[PDB]
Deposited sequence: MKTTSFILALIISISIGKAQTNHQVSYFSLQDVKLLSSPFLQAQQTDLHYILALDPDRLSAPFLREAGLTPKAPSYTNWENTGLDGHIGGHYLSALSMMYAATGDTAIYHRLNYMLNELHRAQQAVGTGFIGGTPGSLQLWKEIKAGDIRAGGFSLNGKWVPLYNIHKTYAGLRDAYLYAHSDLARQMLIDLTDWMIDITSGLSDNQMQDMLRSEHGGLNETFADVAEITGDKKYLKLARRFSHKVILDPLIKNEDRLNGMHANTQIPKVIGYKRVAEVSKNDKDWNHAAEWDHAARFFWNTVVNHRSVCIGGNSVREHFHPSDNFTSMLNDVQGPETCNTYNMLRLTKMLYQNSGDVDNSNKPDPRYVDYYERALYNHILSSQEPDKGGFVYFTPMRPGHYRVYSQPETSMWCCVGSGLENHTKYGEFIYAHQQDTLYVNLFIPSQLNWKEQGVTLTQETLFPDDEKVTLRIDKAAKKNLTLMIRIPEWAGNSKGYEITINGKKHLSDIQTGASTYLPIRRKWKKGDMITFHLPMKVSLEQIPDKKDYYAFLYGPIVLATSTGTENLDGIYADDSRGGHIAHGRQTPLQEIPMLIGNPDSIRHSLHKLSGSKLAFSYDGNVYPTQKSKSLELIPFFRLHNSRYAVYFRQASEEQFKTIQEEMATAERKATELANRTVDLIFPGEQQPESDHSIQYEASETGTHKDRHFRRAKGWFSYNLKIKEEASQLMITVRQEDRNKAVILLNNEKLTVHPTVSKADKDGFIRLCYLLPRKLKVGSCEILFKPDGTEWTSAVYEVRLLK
């Protein structure tokens, strides 16, 4: 009673938003130049590139990482479509990386600048690990993971035997690199973000049937993250989120591949840790669109204030990764709970995240991937372009839209699970069945399953009845059936299905009003599983299509004060009831209640809302508390927005991407978190380059009041000797040091360096903000 999935070859998408997203991504993938993506690999192998690498992250230290994702996305797109242009690119990319691999002859393939020197040092036990760095390199373990993954996917999806041997050679190479390292050394190294290496090493174990790769997969499992999760402890506050999710996927994969390993007793524990991780992130750390994190990090689960105020809402990779995890947990959920039927609550999550975040994260006509999806009312999101943008979210973006076929159905001997209501044709070879699902969902409630071919075996269709949603029709005849539960469940329908049979059901959709999880005054409207949003305007959408600059993934355009965005006046039940469905064949709604300030509001599915500012979460105010809530918006929030709109450059020390984007250098430095803000400090020094788009007159530095450590500040190597203005401390003990610069910083770049000022350390610096 094992549940399994269908391959992408056996699930054809029919006309729908999902097929459109697939075709749009197909065009994006084919626009990339494989000579530019291969260039880093060929360079590190001592060969001559046929073209320059791409810029952005591909020439500032993550060189090679898109090439890995590119392999994965081509392979999956190929399995999904058979597209001949796709195969030309895959065959070329693989053969170029093969030449690279053969030129060095040890198994190594890699794009990180100075790769061979790096892995030489590591092998010798010269391990200098930070959060996002290893021996001066930018997350090289994460980088090389995308190659492992890509080669795995070329083998699994496109049947490449060449990819299979390249993968085995590359894995054997890592066994050699790590053979002289102790567990303490491995665990030290793993403090640097390493993607899901443990997952891929477990995949190689399964492909080869050789346990040495399972041993390797466990050695690459980061213990400081795993052990609390085994014990149902969420210690994720302050952690970089997309760093962790692949680790957890890997723990789960190691458990799967270890199911019948007589020499290791830990499979159930590792599975459980993955299951807890999922439960805790979904139930306490996720917003209505299915994603998590603010500025790439987990914020406290009892404080979503940053999620509603910061322009850097959920990162798309994180959701991509949660969906991968969801798929693994669902599959043996019936084994784990003893029912032998999989748990549809996983599918409720998959559906929410697929329609509302994944589908929303690609510009649907031209293409372009989203990195950050703000939940702040009245902001907008930025899209990648093929030749300019080399972000992680481009990489996972390429994969996302290749594989919408993967979770629509699942099969279990003589049972088919119908999980997603996505127009599709299924080839259920195992039971000689071909089936077509037709529906306009979510713009209509009706779903039809048609049997195109069958071999008259008795089969049970398990139709998902989501919590948000019994009369079915079979060949014109109604079969009424009684609700066993209000929870998410399956309706079984068993027949000797034959060609021409037709099953029709309806999914009743209702308006709901979902509060932000910490129960502050913010709510989002849904219709069935679809998050609605309103378009608040189309001005100041700066960089909506990104250039190749560092920080180009961020929507840096003017911030609108929250008091200029519609706030909903009244109590939640009245607000819910004031939303009314407009007629037409596409979902649209008008909000007929009191809105401050008045704009009536039209709401549409967030996944169709593009090239504009929006609100998903609306601020809400009771009639009684209106005066005090509006006054806070009109004074404190208004001033915070003034501050943002005066900011020329902004760095969050201790946060990897802001640091990387400003060319972090350091000696004898550490990072951490305190009162939910990140810091960096050093006994030596740490520096960044400020990007000065407009002339700046002030430098604002945030430190803790009670920190006795002091920093000297150098600006292009000149000591800043001006006396700062010192703010009053906030609730958490933080103060701002405002330096009025003797001369205005001129447009361009300028180094800022922090050194200890007599004390053992610099001050712990929690923010660097340059102001007009």
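Unmodelled regions of the deposited chain, listed from N- to C-terminal end, are 1-22, 492-496, 627-629.
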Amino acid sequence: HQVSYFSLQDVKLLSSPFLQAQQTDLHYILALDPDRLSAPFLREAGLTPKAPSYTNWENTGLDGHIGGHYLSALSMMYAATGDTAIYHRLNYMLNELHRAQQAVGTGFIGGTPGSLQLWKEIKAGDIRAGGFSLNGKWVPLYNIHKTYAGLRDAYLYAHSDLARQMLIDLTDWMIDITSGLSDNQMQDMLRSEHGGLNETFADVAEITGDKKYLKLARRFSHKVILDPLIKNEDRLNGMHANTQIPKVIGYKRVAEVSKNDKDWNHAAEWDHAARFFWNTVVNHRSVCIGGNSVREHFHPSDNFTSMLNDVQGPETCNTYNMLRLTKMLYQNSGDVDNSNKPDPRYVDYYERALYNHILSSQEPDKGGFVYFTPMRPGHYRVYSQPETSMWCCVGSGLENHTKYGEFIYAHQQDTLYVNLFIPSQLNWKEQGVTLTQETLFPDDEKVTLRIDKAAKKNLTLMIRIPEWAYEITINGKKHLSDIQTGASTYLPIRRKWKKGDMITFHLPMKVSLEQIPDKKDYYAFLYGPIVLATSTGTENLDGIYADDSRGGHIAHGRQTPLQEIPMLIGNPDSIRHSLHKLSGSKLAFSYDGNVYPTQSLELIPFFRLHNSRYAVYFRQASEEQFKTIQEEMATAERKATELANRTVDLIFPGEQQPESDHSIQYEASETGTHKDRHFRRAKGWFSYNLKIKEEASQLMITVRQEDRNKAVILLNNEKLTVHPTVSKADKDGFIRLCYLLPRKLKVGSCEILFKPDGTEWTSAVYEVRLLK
From here on, numbers count along this sequence of modelled residues.
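Between the stretches 407-415 and 479-487, it is 479-487 that shows the larger average CA temperature factor. Taking only CA atoms, the mean B-factor in the PDB entry is higher for 739-747 than for the other of 739-747 and 40-48. The PDB entry gives the largest Cα B-factor of the residues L329, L420, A124, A533 to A124.
Taking only the listed residues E399, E659, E471, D153, the entry reports the highest CA temperature factor at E471.
Sorting the modelled residues of the chain by their CA temperature factor places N709 in the middle third.
In this PDB entry, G136 carries a Cα temperature factor that places it within the middle third of its chain's modelled residues.
In this PDB entry, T721 carries a Cα temperature factor that places it within the highest third of its chain's modelled residues. Ranked against the other modelled residues of its chain, the C-alpha B-factor of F652 as given in the entry falls in the lowest third. When the modelled residues of the chain are ordered by C-alpha B-factor, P17 sits in the lowest third.
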